[PDB]
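Asks: How does the following fold in three dimensions:
(3 chains)
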Amino acid sequence: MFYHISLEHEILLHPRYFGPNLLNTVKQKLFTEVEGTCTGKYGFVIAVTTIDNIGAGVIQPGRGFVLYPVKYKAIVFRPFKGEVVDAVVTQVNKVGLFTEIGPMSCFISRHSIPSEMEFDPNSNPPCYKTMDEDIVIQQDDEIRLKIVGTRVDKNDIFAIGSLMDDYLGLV
Amino acid sequence: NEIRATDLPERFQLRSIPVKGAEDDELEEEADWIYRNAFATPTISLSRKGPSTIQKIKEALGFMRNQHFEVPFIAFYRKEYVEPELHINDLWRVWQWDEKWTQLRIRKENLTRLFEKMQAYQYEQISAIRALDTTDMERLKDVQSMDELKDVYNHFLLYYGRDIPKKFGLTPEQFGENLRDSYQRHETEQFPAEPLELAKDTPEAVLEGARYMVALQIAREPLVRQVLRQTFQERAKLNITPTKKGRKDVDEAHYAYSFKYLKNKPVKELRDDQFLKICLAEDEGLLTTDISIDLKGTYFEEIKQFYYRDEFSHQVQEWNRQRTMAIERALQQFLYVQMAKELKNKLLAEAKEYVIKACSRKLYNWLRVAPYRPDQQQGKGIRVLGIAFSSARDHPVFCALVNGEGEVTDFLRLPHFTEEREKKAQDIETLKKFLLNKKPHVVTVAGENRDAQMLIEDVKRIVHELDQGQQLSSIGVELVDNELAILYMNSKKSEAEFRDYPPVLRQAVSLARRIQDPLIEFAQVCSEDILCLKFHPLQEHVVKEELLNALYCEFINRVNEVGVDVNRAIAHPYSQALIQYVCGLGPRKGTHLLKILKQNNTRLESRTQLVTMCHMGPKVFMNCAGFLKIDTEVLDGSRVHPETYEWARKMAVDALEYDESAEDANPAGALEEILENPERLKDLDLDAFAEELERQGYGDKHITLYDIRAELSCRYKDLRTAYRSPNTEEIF
Amino acid sequence: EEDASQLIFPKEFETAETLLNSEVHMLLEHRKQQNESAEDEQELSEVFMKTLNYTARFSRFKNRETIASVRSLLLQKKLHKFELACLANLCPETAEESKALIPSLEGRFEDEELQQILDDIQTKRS
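Replies: Numbering: from 1, shown residues only, chains lettered A, B, ... in the order given. Okay, here it is:
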């Protein structure tokens, strides 16, 4: 889920970047450090929205670097298990359906699909129709889901969706 | 057990579900579907005409459901109305009408069942403007207009909302009949109320309530999906031009990058040319692409007066304003998205079809038979040798000879310098030492540059001027294409046939097997092995199944017309695995036949070896009777089936004035051997055989008479032309 | 253990600020506006480019007033912060759908109270 939190970061700066553009350069270094990343603590940060303050840069003894504890505001995207979200249907396959939850994608097996939604591989479009062909659930449809398990893969979130709950379809 | 233990064939994997059997009632519908589906965008088969192509698709599609007969089992081998009636050896495009008719019937039946269930539920709730079941029969009846069942079928069937236990302006039908009639005969609500007076049955105070309902009703309509369709997709110009970065990002390599003035581009730019559609579809993916009709500003102006009120006194003005506002709300959703989706689908399909036709044409033109043997073949054929190394793509300085029954079976060479630039006797001494100790009949080279051509010409002179061709006769290298060892040399046949040899020997064996039998080189590989050869640059943006089906149908048709040797797939490792592209013998039937004939000592004595021994089933053996040939039944090595043996033997005895045997126990007849033709062609007329086969045999012997006469006169003779110029693009 | 169904969130995340799907859309598109309105600017990351669409598909409204109102009508009641977004994105057409979807609404409220929160949300919907 999309959240807003205050985060913190400490960045290293080389002496060539001193002079009148210094604290501008500190802002540039953060904007291209912590954007679009993910963590096992906070999760997938979409962007840094603003910088709160720069803590005074502590000159490193021995080496010419200085480190700048910059506090910043971040829109973070952390899914939790059991949350009920909307998504778009990406790929309809006999092994499972693929969706996309913003920066994070999910996948739904026929196991999680009750037997009503049968396969449609004979058709040009892979869909999941029913026996009477009334409820048409194909690719590129705003199909709700429920996150039933989370998984982080090396700075990469990968949840898993399901279709067990009622009212999990077209609005 | 489903590939060789059933009643017949199952290898037709492109259509065996939707079109896998034909009933009586569906034969006319499938033939109409094939004739109606087979010509939509391009003028194809305008080949027989409309009635002859509809009866060729109906007669071939209704016939393939008995015994499994297809491909070399009747299409691409005779003078009759097989499918579309064209000269092509692959039937997979004529069976497309049968598969399409069967897929359309199945879809229409499911949708009709759905429409009946929904109509019953809505009627039972309504009696115990409303949505009704009246689209279910109209949709289930329209099997040909599948896309009408998508934009209008999905707008009417999705417009019910899909939930169940199991007066605002003009109507959709009137607006549709007025918009599709080119004159809006009915106006909007001609009453003294405005568009906002119907919101009192919106809760936000908004005049935009009726415009959304009108757009939702308009965008789901079958009538608008038909009315908008084929007006711009039939006739829009391909106006593709470069972007700000795309004019620099492309650099005139794609359809959008090549033409800065392409905003005036012709309507053939993606439907007649594959490259323009492929470039417009590929350039649009990364940088940008130019795809626009420019015909709506005037295609959308004439529909705005229809369904609107003609007066304006706050009665007709409100109705006319409501009609105009609802038409503008419904056009941007329904008409805008529908027009964009049809233009995009048409461009992709046109580019894919051009690429698929180019790839299928290139594969059919290159797949033909012309072995590089002596004179094109004392005995038969011989050592089809050549240099795979030297100045070409292979490293070692030497040559390998193809054995006629497969690739190369021997090789030799010598490191003598043509090496360093100061030497003139070294290359000639190596060429003489290799050519003097080996009895060839022919030469070729796997060239790759200016030094490869010079080394081939020098070796050809040293071989021709020294009598190194036959040790008492001239012969050496040239421009003949040794490059067939480039892809077949690194293959599983070249690696299993010789594992201690280098890549120069593998390339020489590949080149010498193009010199022995490229039909055995084509049939001895998987088909993965045919897709490594590029056929066009616009085939990569196309779906690969179309080129694989085109190549597979062309290869199956060329194998069914060129003859399959029964004895050649038993002993020779390079002639085996040829039972894959035969009519009524797909991978499973052919593989089971090879295993049973090698494990049991079953030899190819005649064409009834798979019918007599219980290895094959009546349907696969009847549909495959025209493709299986043997070395010895004397009509067993030809295209003569078991049912035509009596008529062909009787014709061969009647054409010579000496066939006293009645098909068995008697002198003469046409079946006595495949190497010689009958002595009299004026004795066997076509009218007598066509009249005798219609009354005793139950079939017209008009189109079959020439093939029956030729199969008795010339056994094992291929129907497809092959070869080319080795010094031009056929070998360089 | 982490299940938002039973409303259990880490301490790092309990104090967190929830966001609406339509709300973040304004934040992201304004960030796009700030940077694209700068000359001499490097191209934004593929992560930025692949997310702007997601919230666009689900824009129940754009308007800066409705960004506040679906929050104010909710905060007045005794709902969790977690409930704030799930109920304001989905816009369940009835309390029954919401209580089926959301296990925490079951017994939490009168159905008619929760239905009026959801009806106020539906009447905010563009």
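Asks: Would you mind naming what in chain A lies close to chain B?
Replies: A:122, A:123, A:132, A:133, A:134, A:135, A:136, A:170 (C-beta under 8 Å from any C-beta of the partner chain). The way it works is simple: take the backbone N, C-alpha and C, and place the C-beta from them, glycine included.
Asks: ok now do the closest residue to residue B:232 other than its chain neighbours, which residues does it touch?
Replies: Of all residues not flanking residue B:232 in the chain, residue B:293 sits nearest, at 5.2 Å (C-beta to C-beta, 6 or more residues apart in numbering or on different chains). Neighbouring residues of residue B:293 by C-beta atoms under 8 Å, 6 or more residues apart in numbering or on different chains: B:232, B:236, B:237, B:239, B:339, B:343.
Asks: which SS state does the residue of chain C found nearest chain A fall under?
Replies: When distances are taken as C-beta to the nearest C-beta, chain C reaches nearest to chain A at residue C:47, 3.0 Å away. When classified by DSSP: H, G, I helix; E, B strand; the rest coil, residue C:47 comes out as helix.
Asks: Who are the contact partners of the residue nearest to it when sequence neighbours are not counted?
Replies: Leaving aside its chain neighbours, residue C:47 sits nearest to residue A:36 (3.0 Å; criterion: C-beta to C-beta, 6+ apart). Residue A:36 sits next to A:45, A:46, A:47, A:103, C:45, C:46, C:47, C:48 when contact means C-beta under 8 Å, 6+ apart.
Asks: So residue B:213 sits against residue B:170, correct?
Replies: No - Residue B:213 lies out of contact with residue B:170 (C-beta atoms under 8 Å); the separation is 12.0 Å.
Asks: Tell me which of these two has more neighbours.
Replies: A count of neighbours by other C-beta atoms under 10 Å in any protein chain shown puts residue B:170 above the other of residue B:213 and residue B:170, at 28 against 16.
Asks: who touches that one in this structure?
Replies: B:178, B:186, B:187, B:188, B:189, B:307, B:323, B:326.
Asks: got it, and residue B:513?
Replies: Applying C-beta under 8 Å, 6+ apart, the residues contacting residue B:513 are B:384, B:402, B:406, B:407, B:408, B:484, B:485, B:488, B:520, B:521, B:574.
Asks: Which two among these are spaced furthest apart?
Replies: Using C-beta to C-beta, the two most remote members of the contacts of residue B:513 are B:485 and B:520, lying 14.3 Å apart.
Asks: quick one: which of those two has more around it?
Replies: A count of neighbours by other C-beta under 10 Å puts residue B:485 above the other of residue B:485 and residue B:520, at 37 against 26.
Asks: coming back round to it: can you tell me how far the residue nearest to residue B:232 is from chain A?
Replies: If you measure residue B:293 against chain A using C-beta to the nearest C-beta, to the nearest Å, the figure is 24 Å.
Asks: Ok, residue B:245 next?
Replies: From residue B:245 to chain A the distance is 22 Å (C-beta to the nearest C-beta).
Asks: Let me see the ranges of the strands in the chain.
Replies: In the absence of a named chain, chain A is used. Taking DSSP state E, the strands of chain A run over residues A:2-13, A:44-54, A:58-59, A:66-77, A:84-93, A:96-101, A:104-108, A:142-146.
Asks: hmm, I had chain C in mind actually
Replies: Going by DSSP E, chain C shows strands at C:17-18.
Asks: got the residues of chain A next to chain B as a markdown table, with neighbour count columns?
Replies: Output for the residues of chain A next to chain B, formatted as a markdown table (neighbours: other C-beta atoms under 10 Å in any protein chain shown):
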| residue | neighbour count |
| --- | --- |
| A:122 | 12 |
| A:123 | 15 |
| A:132 | 16 |
| A:133 | 20 |
| A:134 | 20 |
| A:135 | 19 |
| A:136 | 18 |
| A:170 | 15 |
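Asks: What sits closest to residue B:632 if chain neighbours are left out?
Replies: Here the residue nearest residue B:632, using C-beta to C-beta, 6+ apart, is residue B:605, at 6.0 Å.
Asks: residues from chain A in reach of chain C?
Replies: A:1-5, A:35-36, A:41-42, A:46-47, A:49, A:75, A:78, A:80-84, A:86, A:88, A:100-103, A:142, A:144, A:150, A:165-167.
Asks: For PyMOL, write a command that selects the buried ones of these.
Replies: Buried residues among the residues of chain A next to chain C (16 or more other C-beta atoms under 10 Å in any protein chain shown), as a PyMOL selection:
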select buried, chain A and resi 1+2+3+4+5+35+36+42+46+47+75+78+80+81+82+83+84+86+88+100+101+102+103+144+150+167
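Asks: and of the contacts of residue A:36, the nearest to residue B:480?
Replies: residue C:46 (52.1 Å).
Asks: Helices of the stretch 201-350 of chain B, residue ranges please.
Replies: For the stretch 201-350 of chain B, the helices defined by DSSP state H, counting those that start in this stretch occupy B:209-219, B:222-227, B:246-249, B:255-258, B:274-286, B:316-330, B:336-366.
Asks: I'd like to know which elements the fourth one is packed against.
Replies: Looking back up the chat, that one is helix B:255-258. helix B:246-249, helix B:274-286 (3 or more C-beta pairs under 8 Å, 6 or more residues apart in numbering or on different chains; DSSP states H and E).
Asks: again with the last one
Replies: On a contact count with 3+ C-beta pairs under 8 Å, 6+ apart, helix B:336-366 meets helix B:274-286, helix B:544-562.
Asks: could the ones you listed be laid out in TSV, adding mean neighbour count and distance to residue B:647?
Replies: TSV is the format used below for the helices and strands packed on helix B:336-366 (neighbours: other C-beta atoms under 10 Å in any protein chain shown; distance: least, C-beta to C-beta, whole Å):
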stretch	mean neighbour count	distance to residue B:647
helix B:274-286	23	46
helix B:544-562	23	21
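Asks: got these as JSON lines, with distance to chain C columns?
Replies: Below are the helices and strands packed on helix B:336-366 laid out as JSON lines (distance: least, C-beta to the nearest C-beta, whole Å):
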{"stretch": "helix B:274-286", "distance to chain C": "13"}
{"stretch": "helix B:544-562", "distance to chain C": "28"}
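Asks: Out of the contacts of residue B:293, give me the one that has the most neighbours.
Replies: residue B:236 leads the contacts of residue B:293 on contacts (other C-beta under 10 Å) with 25 neighbours.
Asks: Touching, that one and residue B:343? I think so.
Replies: Yes - Residue B:236 is within contact range of residue B:343, at 6.7 Å (criterion: C-beta under 8 Å).
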